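Take a look at this single chain in structure tokens; it is the form deposited in one PDB entry.
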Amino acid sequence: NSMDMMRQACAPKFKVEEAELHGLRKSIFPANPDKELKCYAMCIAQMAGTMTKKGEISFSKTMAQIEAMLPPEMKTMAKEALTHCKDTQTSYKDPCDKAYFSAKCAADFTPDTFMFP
């Protein structure tokens, strides 16, 4: 898994622990997480290349990634979720918030669908 290779790259850098991370991997995103957990989600986005140097999330890149990565029969639902959640980042100034709440929006929209490293 480049999923586990992504978590392994980011996790040691943040004050996060296995229970938190297990939760995200299972599409469970608390509404009020530690800042460190939000910044872990940002680290993941950066490594996947979905975060722009200005600290915004690329919808077009995230969409392209789903298209190669998800089971064929999950793709339309995952695309609907990303489309719906596209604007979520625009309500947060902090780039850790943008990345974390973007993923939470998608995870909430269609549970048991996304793979969060």
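Between two forms, the rigid core is defined as the largest C-alpha subset superposing within 1.5 Å. The first residue of the shown sequence is 1; numbering continues from there.
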- Higher of the two mean Cα B-factors (41 to 49, 64 to 72; per PDB record) comes from 64 to 72
- Query: Of the two stretches 104 to 112 and 90 to 98, which shows the higher Cα B-factor on average in the entry?
  - Reply: 104 to 112
- Third of chain Cα B-factors occupied by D34: middle
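The same protein has a further form, the form deposited in another entry, not shown here; the description that follows concerns it.
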- Query: Which residue in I66, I57, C43, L37 stands out, with a C-alpha shift of 2 Å or more between the shown form and the other one when both forms are set on the rigid core?
  - Reply: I66
- Message: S91: after superposing the rigid core, is there a C-alpha shift of 2 Å or more between the shown form and the other one?
- Response: no
- Tell me, please, whether between the shown form and the other one the C-alpha of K26 is shifted by 2 Å or more, with the rigid core used for superposition. no
